[PDB]
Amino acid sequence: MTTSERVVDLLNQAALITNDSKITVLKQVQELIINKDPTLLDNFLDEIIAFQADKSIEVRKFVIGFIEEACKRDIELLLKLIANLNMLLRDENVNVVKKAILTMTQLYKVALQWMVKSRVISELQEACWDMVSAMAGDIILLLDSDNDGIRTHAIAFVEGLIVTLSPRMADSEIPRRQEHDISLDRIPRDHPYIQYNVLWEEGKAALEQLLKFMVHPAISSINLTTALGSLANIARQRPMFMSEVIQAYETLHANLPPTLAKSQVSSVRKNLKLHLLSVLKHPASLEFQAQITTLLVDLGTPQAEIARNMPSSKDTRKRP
(Lines of atoms letter the chains of each structure in order from A and count residues from 1; the text may use other names and numbers.)
(Lines give C-alpha, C1' and ligand atoms only; values in the text may rest on other atoms or scores of the structure.)
Protein backbone atom coordinates (compact mmCIF):
# COMPACT_ATOMS: atom_id res chain seq x y z
CA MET A 1 0.00 0.00 0.00
CA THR A 2 1.01 3.64 -0.37
CA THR A 3 1.99 6.13 2.30
CA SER A 4 -1.25 8.10 1.85
CA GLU A 5 -3.24 4.79 1.99
CA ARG A 6 -1.48 3.86 5.27
CA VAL A 7 -2.15 7.40 6.62
CA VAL A 8 -5.87 6.99 5.89
CA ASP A 9 -5.94 3.57 7.54
CA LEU A 10 -4.18 4.91 10.65
CA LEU A 11 -6.54 7.86 10.85
CA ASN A 12 -9.44 5.40 10.54
CA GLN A 13 -7.96 3.34 13.40
CA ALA A 14 -7.42 6.46 15.56
CA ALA A 15 -11.14 7.14 15.12
CA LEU A 16 -12.04 3.83 16.83
CA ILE A 17 -9.72 4.33 19.82
CA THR A 18 -11.64 5.35 22.95
CA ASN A 19 -8.84 6.76 25.11
CA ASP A 20 -5.67 8.91 25.11
CA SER A 21 -3.65 6.15 23.47
CA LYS A 22 -5.16 7.33 20.17
CA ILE A 23 -2.32 9.85 20.43
CA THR A 24 0.13 7.01 19.63
CA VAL A 25 -1.62 6.49 16.28
CA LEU A 26 -1.87 10.23 15.61
CA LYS A 27 1.87 10.57 16.28
CA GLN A 28 2.43 7.80 13.69
CA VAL A 29 0.40 9.84 11.16
CA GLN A 30 2.35 13.02 12.14
CA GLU A 31 5.62 11.23 11.53
CA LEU A 32 4.44 10.00 8.08
CA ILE A 33 3.10 13.37 6.87
CA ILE A 34 5.61 15.78 8.46
CA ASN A 35 8.84 13.75 8.21
CA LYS A 36 8.60 10.69 5.99
CA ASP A 37 6.65 12.23 3.00
CA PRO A 38 6.26 15.98 3.81
CA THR A 39 4.13 16.52 0.63
CA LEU A 40 1.33 14.71 2.48
CA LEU A 41 1.22 17.34 5.25
CA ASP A 42 -1.03 19.61 3.10
CA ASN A 43 -3.39 16.81 2.20
CA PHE A 44 -3.99 15.52 5.75
CA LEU A 45 -4.03 18.75 7.76
CA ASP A 46 -7.82 18.86 8.11
CA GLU A 47 -7.88 15.27 9.36
CA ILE A 48 -5.44 15.87 12.21
CA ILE A 49 -6.86 19.27 13.09
CA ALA A 50 -10.34 17.68 13.35
CA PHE A 51 -9.12 16.25 16.68
CA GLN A 52 -9.12 19.76 18.17
CA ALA A 53 -12.80 18.94 18.85
CA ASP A 54 -11.83 15.85 20.92
CA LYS A 55 -13.10 16.02 24.55
CA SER A 56 -9.66 14.79 25.78
CA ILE A 57 -7.39 17.49 27.15
CA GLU A 58 -4.31 15.51 26.07
CA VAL A 59 -5.58 15.00 22.52
CA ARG A 60 -6.17 18.79 22.20
CA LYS A 61 -2.64 19.39 23.58
CA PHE A 62 -1.36 16.96 20.95
CA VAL A 63 -3.17 19.02 18.26
CA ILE A 64 -1.40 22.18 19.52
CA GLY A 65 1.99 20.31 19.36
CA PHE A 66 1.17 19.18 15.85
CA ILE A 67 0.37 22.74 14.75
CA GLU A 68 3.74 23.90 16.19
CA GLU A 69 5.66 21.19 14.28
CA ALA A 70 3.67 21.63 11.06
CA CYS A 71 4.43 25.41 11.13
CA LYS A 72 8.13 24.84 11.88
CA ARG A 73 8.24 22.48 8.82
CA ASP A 74 6.35 24.98 6.62
CA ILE A 75 5.63 28.44 8.05
CA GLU A 76 3.13 29.03 5.25
CA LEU A 77 0.84 26.55 7.02
CA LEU A 78 0.29 29.22 9.67
CA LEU A 79 -2.04 30.86 7.11
CA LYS A 80 -4.40 27.87 7.60
CA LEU A 81 -3.61 27.00 11.21
CA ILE A 82 -3.47 30.28 13.13
CA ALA A 83 -7.34 30.29 13.46
CA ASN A 84 -7.23 26.75 14.97
CA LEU A 85 -4.50 27.83 17.42
CA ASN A 86 -6.53 30.89 18.37
CA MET A 87 -9.47 28.61 19.23
CA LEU A 88 -7.19 26.38 21.38
CA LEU A 89 -5.71 29.44 23.06
CA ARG A 90 -9.34 30.14 24.14
CA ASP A 91 -10.00 26.58 25.29
CA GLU A 92 -12.22 25.98 28.36
CA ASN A 93 -9.47 23.94 29.98
CA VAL A 94 -6.50 25.72 31.57
CA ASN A 95 -3.98 23.06 30.57
CA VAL A 96 -4.85 23.34 26.89
CA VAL A 97 -4.51 27.16 27.25
CA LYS A 98 -1.06 26.75 28.83
CA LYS A 99 0.16 24.54 25.99
CA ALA A 100 -1.27 27.04 23.42
CA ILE A 101 0.80 29.78 25.21
CA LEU A 102 3.96 27.62 25.04
CA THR A 103 3.36 27.11 21.31
CA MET A 104 2.70 30.84 20.69
CA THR A 105 6.08 31.51 22.43
CA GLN A 106 7.77 29.35 19.73
CA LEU A 107 5.65 30.49 16.79
CA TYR A 108 5.34 34.29 17.25
CA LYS A 109 9.02 34.87 16.50
CA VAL A 110 8.88 32.53 13.50
CA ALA A 111 5.80 34.23 11.98
CA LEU A 112 7.47 37.61 12.53
CA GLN A 113 10.64 36.44 10.72
CA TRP A 114 8.45 35.21 7.82
CA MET A 115 6.64 38.58 7.60
CA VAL A 116 9.96 40.45 7.64
CA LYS A 117 11.36 38.21 4.84
CA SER A 118 8.29 38.86 2.68
CA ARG A 119 8.36 42.03 0.60
CA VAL A 120 4.86 41.59 -0.85
CA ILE A 121 2.27 40.73 1.79
CA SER A 122 -0.75 38.85 0.52
CA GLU A 123 -4.25 39.25 1.87
CA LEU A 124 -3.87 35.88 3.62
CA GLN A 125 -0.53 36.75 5.10
CA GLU A 126 -1.92 40.07 6.38
CA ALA A 127 -4.91 38.41 8.10
CA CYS A 128 -2.51 35.80 9.56
CA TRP A 129 -0.18 38.49 10.98
CA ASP A 130 -3.23 40.42 12.31
CA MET A 131 -4.29 37.29 14.19
CA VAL A 132 -0.79 36.43 15.46
CA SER A 133 -0.47 39.99 16.80
CA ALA A 134 -3.98 39.96 18.38
CA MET A 135 -3.19 36.64 20.09
CA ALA A 136 0.07 38.05 21.41
CA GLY A 137 -1.91 40.96 22.87
CA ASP A 138 -4.34 38.45 24.35
CA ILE A 139 -1.53 36.57 26.12
CA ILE A 140 -0.28 39.84 27.64
CA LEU A 141 -3.83 40.14 29.03
CA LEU A 142 -3.46 36.64 30.53
CA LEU A 143 -0.98 38.12 33.00
CA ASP A 144 -4.36 38.95 34.71
CA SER A 145 -5.82 35.46 34.42
CA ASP A 146 -7.50 34.06 37.57
CA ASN A 147 -5.42 30.92 37.01
CA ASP A 148 -1.95 30.84 38.59
CA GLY A 149 -0.53 28.44 35.96
CA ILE A 150 -1.82 30.49 33.01
CA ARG A 151 -0.19 33.63 34.54
CA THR A 152 3.16 31.79 34.87
CA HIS A 153 3.07 30.64 31.22
CA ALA A 154 2.00 34.15 30.10
CA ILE A 155 5.12 35.57 31.82
CA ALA A 156 7.41 33.44 29.63
CA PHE A 157 5.54 34.44 26.44
CA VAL A 158 5.79 38.09 27.43
CA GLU A 159 9.50 37.74 28.20
CA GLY A 160 9.95 36.30 24.68
CA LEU A 161 7.93 39.16 23.14
CA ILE A 162 10.03 41.85 24.90
CA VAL A 163 13.32 40.24 23.74
CA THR A 164 12.02 39.63 20.19
CA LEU A 165 10.84 43.23 19.86
CA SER A 166 14.03 44.91 21.11
CA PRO A 167 17.52 45.07 19.55
CA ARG A 168 20.54 42.93 20.34
CA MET A 169 23.52 44.93 21.53
CA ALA A 170 27.29 44.14 21.40
CA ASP A 171 27.20 42.94 25.05
CA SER A 172 23.79 41.24 24.94
CA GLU A 173 24.30 37.81 26.45
CA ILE A 174 22.30 35.50 24.14
CA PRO A 175 21.64 31.82 25.00
CA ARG A 176 23.10 29.70 22.20
CA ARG A 177 19.77 28.01 21.39
CA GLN A 178 18.32 31.50 20.70
CA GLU A 179 21.20 32.74 18.56
CA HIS A 180 19.22 32.57 15.36
CA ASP A 181 15.93 34.03 16.67
CA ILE A 182 14.81 37.26 15.08
CA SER A 183 15.39 40.46 17.05
CA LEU A 184 14.45 44.08 16.32
CA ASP A 185 17.93 45.01 14.98
CA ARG A 186 17.33 42.43 12.16
CA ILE A 187 14.20 44.17 10.97
CA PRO A 188 14.87 46.57 8.13
CA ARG A 189 13.79 50.12 9.02
CA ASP A 190 12.19 50.53 5.56
CA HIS A 191 10.19 47.24 5.42
CA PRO A 192 6.98 48.41 3.75
CA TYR A 193 4.66 46.35 6.01
CA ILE A 194 6.38 45.47 9.30
CA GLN A 195 7.04 48.86 10.94
CA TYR A 196 10.24 48.89 13.08
CA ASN A 197 9.06 51.86 15.21
CA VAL A 198 5.71 50.24 15.96
CA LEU A 199 7.33 46.93 17.07
CA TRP A 200 9.78 48.89 19.32
CA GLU A 201 6.77 50.55 21.06
CA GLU A 202 5.02 47.21 21.42
CA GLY A 203 8.10 45.69 23.05
CA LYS A 204 8.41 48.59 25.45
CA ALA A 205 4.69 48.31 26.30
CA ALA A 206 5.07 44.57 26.91
CA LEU A 207 7.95 45.29 29.30
CA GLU A 208 5.84 47.98 31.01
CA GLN A 209 3.10 45.34 31.64
CA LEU A 210 5.66 42.87 32.98
CA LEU A 211 7.23 45.49 35.33
CA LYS A 212 3.78 46.36 36.62
CA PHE A 213 3.00 42.68 37.12
CA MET A 214 6.25 42.09 39.06
CA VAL A 215 5.32 44.81 41.49
CA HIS A 216 1.61 43.82 41.95
CA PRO A 217 0.47 42.85 45.55
CA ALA A 218 -1.64 39.83 44.43
CA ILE A 219 0.81 37.72 42.47
CA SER A 220 1.71 34.26 43.66
CA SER A 221 5.13 33.00 44.78
CA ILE A 222 5.64 30.98 41.56
CA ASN A 223 4.50 34.00 39.44
CA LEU A 224 6.94 36.22 41.43
CA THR A 225 9.92 33.90 40.96
CA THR A 226 9.15 33.33 37.26
CA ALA A 227 8.87 37.11 36.68
CA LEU A 228 12.16 37.71 38.58
CA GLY A 229 13.79 35.14 36.30
CA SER A 230 12.27 36.66 33.15
CA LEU A 231 13.42 40.19 34.09
CA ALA A 232 16.99 38.99 34.81
CA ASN A 233 16.96 37.29 31.41
CA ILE A 234 15.80 40.53 29.80
CA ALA A 235 18.47 42.58 31.64
CA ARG A 236 21.24 40.29 30.39
CA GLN A 237 19.91 39.70 26.83
CA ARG A 238 18.82 43.37 26.40
CA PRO A 239 21.03 45.56 28.61
CA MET A 240 19.27 48.78 27.64
CA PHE A 241 16.54 47.57 29.99
CA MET A 242 18.85 46.89 32.96
CA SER A 243 17.93 50.19 34.64
CA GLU A 244 14.24 49.32 34.54
CA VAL A 245 14.83 45.78 35.81
CA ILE A 246 16.94 46.89 38.80
CA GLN A 247 14.32 49.52 39.70
CA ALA A 248 11.55 46.86 39.60
CA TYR A 249 13.62 44.68 41.99
CA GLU A 250 14.02 47.75 44.26
CA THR A 251 10.26 48.48 44.28
CA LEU A 252 9.41 44.86 44.94
CA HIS A 253 11.76 44.70 47.90
CA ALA A 254 10.29 47.92 49.39
CA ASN A 255 6.72 46.58 48.85
CA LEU A 256 6.60 42.78 49.31
CA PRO A 257 3.25 41.04 48.48
CA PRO A 258 1.65 41.02 51.97
CA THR A 259 0.94 37.26 51.66
CA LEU A 260 4.72 36.55 51.32
CA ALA A 261 6.09 39.12 53.76
CA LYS A 262 6.33 36.94 56.91
CA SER A 263 7.03 33.15 56.86
CA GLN A 264 7.86 33.33 53.14
CA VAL A 265 10.08 36.37 53.32
CA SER A 266 13.44 34.50 53.57
CA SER A 267 12.57 32.60 50.39
CA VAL A 268 11.51 35.76 48.48
CA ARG A 269 14.74 37.46 49.58
CA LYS A 270 16.95 34.56 48.56
CA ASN A 271 15.33 34.44 45.19
CA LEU A 272 15.64 38.21 44.68
CA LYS A 273 19.31 38.05 45.74
CA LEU A 274 20.10 35.19 43.35
CA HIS A 275 18.43 36.94 40.43
CA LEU A 276 20.05 40.28 41.29
CA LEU A 277 23.48 38.68 41.56
CA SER A 278 22.99 37.15 38.03
CA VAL A 279 22.32 40.68 36.80
CA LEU A 280 25.39 42.07 38.62
CA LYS A 281 27.60 39.44 36.91
CA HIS A 282 26.77 41.01 33.56
CA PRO A 283 29.26 43.78 32.68
CA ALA A 284 26.59 46.38 31.84
CA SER A 285 25.75 46.31 35.57
CA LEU A 286 28.81 48.45 36.36
CA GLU A 287 26.89 51.52 35.21
CA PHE A 288 24.41 50.88 38.07
CA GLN A 289 26.89 49.60 40.71
CA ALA A 290 25.73 51.91 43.51
CA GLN A 291 22.07 51.00 43.01
CA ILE A 292 22.64 47.24 42.73
CA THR A 293 25.11 47.11 45.64
CA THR A 294 22.76 49.03 47.93
CA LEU A 295 19.87 46.71 47.09
CA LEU A 296 22.10 43.65 47.62
CA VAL A 297 23.22 44.89 51.07
CA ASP A 298 19.53 45.62 51.84
CA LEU A 299 18.70 42.00 50.90
CA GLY A 300 21.35 40.93 53.40
CA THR A 301 23.83 39.81 50.75
CA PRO A 302 27.21 39.34 52.40
CA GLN A 303 29.91 41.75 51.16
CA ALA A 304 32.09 38.78 50.02
CA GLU A 305 29.33 37.47 47.74
CA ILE A 306 28.82 40.95 46.24
CA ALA A 307 32.60 41.24 45.60
CA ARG A 308 32.81 37.75 44.02
CA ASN A 309 30.03 38.57 41.51
CA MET A 310 31.31 42.06 40.63
CA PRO A 311 32.48 42.21 37.00
CA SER A 312 35.89 43.59 36.11
CA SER A 313 35.83 46.77 33.96
CA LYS A 314 37.95 44.69 31.57
CA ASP A 315 34.69 42.75 30.85
CA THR A 316 33.13 45.98 29.47
CA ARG A 317 35.36 46.13 26.33
CA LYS A 318 32.44 45.04 23.98
CA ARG A 319 30.26 48.05 24.87
CA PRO A 320 31.98 50.35 27.41
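When you see a residue number, it is the position in the sequence shown, counting from 1.
In this entry, the higher average B-factor at the C-alpha atoms falls on 173-181, of the pair 147-155 and 173-181. In this entry, 292-300 shows the higher mean Cα temperature factor of the pair 292-300 and 5-13.
When the C-alpha B-factors of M131, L207, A235, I219 are ranked from the entry, the top spot goes to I219. The residue among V215, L231, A83, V116 whose C-alpha carries the highest B-factor in the deposited model is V215. The PDB entry assigns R60 a C-alpha temperature factor belonging to the lowest third of its chain's modelled residues. Sort the chain's modelled residues by C-alpha temperature factor and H253 lands in the highest third, per the entry. Sort the chain's modelled residues by C-alpha temperature factor and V25 lands in the lowest third, per the entry.
Split the chain's modelled residues into thirds by C-alpha temperature factor. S243 is in the highest one.
Per the deposited record, the Cα B-factor of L274 falls in the middle third when ranked against the other modelled residues of its chain.
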